[PDB]
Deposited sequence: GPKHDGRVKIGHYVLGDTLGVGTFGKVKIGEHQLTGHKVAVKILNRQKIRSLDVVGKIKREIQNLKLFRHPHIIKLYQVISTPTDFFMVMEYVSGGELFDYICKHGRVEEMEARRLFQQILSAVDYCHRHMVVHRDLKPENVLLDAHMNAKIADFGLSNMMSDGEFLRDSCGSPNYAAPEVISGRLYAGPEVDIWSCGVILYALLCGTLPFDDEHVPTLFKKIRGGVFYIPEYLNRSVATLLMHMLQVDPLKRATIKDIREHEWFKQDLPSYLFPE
């Protein structure tokens, strides 16, 4: 409708819908987050969202969805962002299976560097969830920002909760299944609070020591960004442009 033709609805968020936008001349596809101004005013997060968008504009990380422009109308806010073609990562895992060891390490390094970048450059937060991790045309991980615009850890905390989530995403990459999964809801939290997760034969021992630390119950005893950056398995074939 504006600037870019508006097509099919991708999803429906809290502040409003998110649709696809094709270019009227070139055919370039973008993702438009439509945020309702009245809904923002009713939620008393006017300054919170305005400062979040200002912080997202100065964001420059290739494994995070970039914000191009924000068009303002008296009814809604139009966040023009990059369209990630291949949907969610976890959608690919359950449909295809497990990813190879050196390929899962490639995706993990892209995910962790992005998570760390978000915590040191964002005012407001939502805990990271496998919903945020998306896959592009080049099969690279693209993470959505932890803001108001868009199986929890044991145990307010920000990076500590996300490191545990990175451990869940890491497990799913070289296993195909989740580290903790049970049909019964009370026993699911019991496995998490106990840190009991199955370790497969095909899994390496160096990554097993990293996974054990990342999925630690006590957040004080749990691995930090520096702890993972100093680990042998994570350091192997890690690109210099990150961190």
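In sequence order, the gaps in C-alpha coverage of the deposited chain fall at 1-9, 160-175, 181-186, 275-276.
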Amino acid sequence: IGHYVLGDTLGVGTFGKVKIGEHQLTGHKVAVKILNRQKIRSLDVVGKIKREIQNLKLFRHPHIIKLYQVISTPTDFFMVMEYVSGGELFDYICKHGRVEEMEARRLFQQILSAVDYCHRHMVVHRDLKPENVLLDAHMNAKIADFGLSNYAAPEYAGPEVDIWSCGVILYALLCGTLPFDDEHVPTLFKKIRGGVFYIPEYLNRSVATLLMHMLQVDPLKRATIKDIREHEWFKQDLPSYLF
From here on, numbers count along this sequence of modelled residues.
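Note that the rigid core is defined as the largest set of C-alphas that superpose within 1.5 Å between two forms.
Annotation: of the segments 137-145 and 112-120, 137-145 departs further from this form in 4 other deposited structures of this protein (C-alpha atoms, root mean square over structures and residues, core superposition).
In summary, of the stretches 183-191 and 42-50, 42-50 shows the greater Cα distance from the shown form in 4 other deposited structures of this protein, with structures fitted on the rigid core.
Once the C-alpha B-factors are averaged per stretch, 85-93 and 161-169 rank with 85-93 first. For the pair 59-67 and 176-184, the mean B factor over Cα atoms is greater in 176-184. Ranked by Cα temperature factor within the chain, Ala104 sits in the middle third according to the deposited record.
Ranked by Cα temperature factor within the chain, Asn36 sits in the lowest third according to the deposited record. For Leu148, the recorded CA temperature factor ranks within the middle third of the chain's modelled residues. Sorting the modelled residues of the chain by their CA temperature factor places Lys226 in the highest third. When the CA B factors of the chain's modelled residues are split into thirds, the value for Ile192 lands in the middle one.
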